[PDB]
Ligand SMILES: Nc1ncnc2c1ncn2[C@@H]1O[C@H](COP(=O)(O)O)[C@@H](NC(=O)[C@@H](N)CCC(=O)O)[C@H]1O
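First, one chain by itself in structure tokens, the form solved without this ligand.
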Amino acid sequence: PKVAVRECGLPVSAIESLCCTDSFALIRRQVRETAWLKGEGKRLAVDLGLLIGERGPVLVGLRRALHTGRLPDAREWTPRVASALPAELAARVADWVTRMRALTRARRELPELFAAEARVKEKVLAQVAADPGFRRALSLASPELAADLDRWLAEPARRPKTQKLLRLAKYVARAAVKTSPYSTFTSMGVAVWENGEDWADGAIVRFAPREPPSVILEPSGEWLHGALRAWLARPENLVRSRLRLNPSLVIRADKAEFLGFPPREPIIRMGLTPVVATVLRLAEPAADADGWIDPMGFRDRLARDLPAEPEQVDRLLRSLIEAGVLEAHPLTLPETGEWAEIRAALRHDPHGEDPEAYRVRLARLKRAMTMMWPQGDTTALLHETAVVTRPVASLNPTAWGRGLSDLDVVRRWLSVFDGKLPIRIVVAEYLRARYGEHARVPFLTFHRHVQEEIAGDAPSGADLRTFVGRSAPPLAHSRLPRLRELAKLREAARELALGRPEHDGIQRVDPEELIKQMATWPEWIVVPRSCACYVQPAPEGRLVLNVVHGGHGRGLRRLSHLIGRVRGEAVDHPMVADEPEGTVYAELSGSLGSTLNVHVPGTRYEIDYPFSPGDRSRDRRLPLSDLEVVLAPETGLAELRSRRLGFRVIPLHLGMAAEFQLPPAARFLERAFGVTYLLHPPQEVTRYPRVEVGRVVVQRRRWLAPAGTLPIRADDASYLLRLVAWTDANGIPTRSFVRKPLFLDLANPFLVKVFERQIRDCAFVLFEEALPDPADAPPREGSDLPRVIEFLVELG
């Protein structure tokens, strides 16, 4: 099982040091002491009421004071009153009065102890935020704020405004507890399995000395592809280009059918003249051994084998390129003047560079980019990824065995909840109903008919519009029998998991119960062969599951590629295995307009996709034109075949672009035919227990608070007291993630204010246990501080 590690750019001390430790301990004592004296007072009220009845005033006033939790008036608690009560009751009253008085004074002292401690933490915030890796990441994400931080460091006692401090504190928390990449807020590398025996200590992982991250600076893919298209349309760069037939081109004995430019990718049908028809035909003999076409040698070839007329052999080619039937691509990116500077600036090794020089440098790079192709609605012209070249850690295979076995079971079982399963069922039903059980429909004709149905109005497309059209599932009352079965299968899965006791905030499912449930499932629930499972270890052998996506090296291939670029030598990422016989896996060719889809090529064959040429031999290309769609008799689902080769073809998206960034036909291939899934995280407070399947935490414990339950600042630090009283009374822990999720540490005065503001005018607030807790970060060798980490484990 291949494993990578993502780790936070700041250590856990960075957020621990921002906690008002003294004040908070005092807040928790007050809260607990208030709740105890309240309860005890009502109990002593009862006891006192009972003494009053044994005896056949004063006592009635003492009683009312205890009941309602106020200090008895001087007339209500006296030696004569205490003498008339039993010793134990009088001693319990005395203790209550004493503790109530002590509570009252400590209430008085708190606001200035808290105000002073919070003020001290402002400078600790600056201290933590001085870290160079952090300042670099903030410089990219938020340059003005980062310029302001740099000034503060240069001018301390230049107390920045609260709202800057809150924004800084949020980014600090993000860089200490959130594991998704951003820049030098995190770093990623590979992990290895260290063969057993050397784990006497009980550790599950062992870290190498922290390597300083290397950073890769990359341009926005959509900027890159707009700029590239601009350059390819200039007549002088035709000699700098190669051409190829759009691999969605279908000749229909009359017309050309094909797909056009991304991102809109129109479905195009145009009339052929006999000249255009021979032009397309001679493109086959005009091509290299790998399908590329010399533009000059083709322009002469057309000129001799039609009539000549070079002036117009050129306007003919030009019009075919403009139309998108013939594709123009560069000869290597351009080695042209403007492209070599961008390429040099992107590659510029940033060694020895402070945050300000970095901001200036990026600013200049941005300008040359705009003075080349407009930014437009592109948000973020540049991104950075931080990686390390050597293994970050070794993993203990015997500590991890039960957890990974449990995870595999979970991984299979979650398949029933896949959002693409309704899609598959509806697409399959469409195929049966329009074309017939044994139909074999050209992929492109099928894509077109589906889009015709979605854009239009006919009840024949009702389900396609409901499940495949824009807008995100009403299943049990659906027309199709399998959709109602699915709903039933989901409800059974859900009720199996939740039909069990909450002991200590945990519902525990045994993996065998899920294996039993799964053996009953029908064949149209198909379970991916591999998943990328993002997990965090937690105490007592737990693994906490965050995200599941497809895995056939999906994210890992991108990591291998980025490390390869930093090291100057490729990582041999193993290939996907074509099996069983008669079946191949094929990723979509090229990068489909995204820098996040550039990777170590993982499959043998590839789906050759319109304007995204890949990296493979001719005999290994499966053009869109060669795909067909059929109903599989095993599952009753729609599958793809190669017309040319007869194989089942399973499309793979192995790049890290999100599915909505895929152009339309590609998106359709992934959603309808891909074999991955995606897992992502009334009137009172409602508690949901944590759900575990053996060792795997599938759902963290949660607390749902409607609008009106939550204390609102009506107030200074008396606010934190009331908040903590409500959280304690509802079992809500000190540290939690609130709903993207915000990290809430009630001891952190910045994060409390960030929380105050973020829940303004919300209908609900969702608290989730912090698990693992940051303080549960696995210790380190030497001077390296504990950090929060997450593992990408590929399970297969």
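Residue numbers run from 1 along the displayed sequence.
According to the entry, the deposited sequence has 10 or more residues without coordinates between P681 and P682.
The modelled chain is continuous from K42 to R43, with every intervening residue of the deposited sequence accounted for. Legend: mean Cα B-factor per stretch from the PDB entry, 513-521 versus 569-577; the higher mean is in 569-577.
According to the PDB record, 777-785 carries the higher mean C-alpha B-factor of the two stretches 777-785 and 20-28. You'll see in the entry that, of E587, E495, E144, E338, the Cα B factor peaks at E338. In the deposited coordinates, the residue among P733, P749, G49, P57 with the greatest CA B-factor is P57. When the CA B factors of the chain's modelled residues are split into thirds, the value for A763 lands in the highest one.
For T186, the recorded CA temperature factor ranks within the middle third of the chain's modelled residues. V441: CA B factor lies in the middle third for its chain, per the PDB record. When the CA B factors of the chain's modelled residues are split into thirds, the value for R159 lands in the highest one. Among the modelled residues of its chain, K38 has a C-alpha B-factor that falls in the middle third according to the deposited record.
A second form of this protein, the form solved in complex with this ligand, is not displayed here; the remarks below concern that form.
You can rule out all but one of 323-331, 544-552, 437-445, 115-123: in the bound PDB entry, only 544-552 has residues with a heavy atom within 4.5 Å of this ligand. In the bound PDB entry, this ligand lies within 4.5 Å of some heavy atom of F737. In the bound PDB entry, this ligand sits within 4.5 Å of a heavy atom belonging to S180. The closest heavy atom approach of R700 to this ligand in the bound PDB entry falls within 4.5 Å. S478 falls outside the set of residues with a heavy atom inside 4.5 Å of this ligand in the bound PDB entry. Shown without its partner, this chain lists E768, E40, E756, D47 as candidates; in the bound PDB entry, only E768 has a non-hydrogen atom within 4.5 angstroms of this ligand. Contact annotation: of the candidates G61, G731, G69, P741, the single residue with a non-hydrogen atom within 4.5 angstroms of this ligand in the bound PDB entry is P741.
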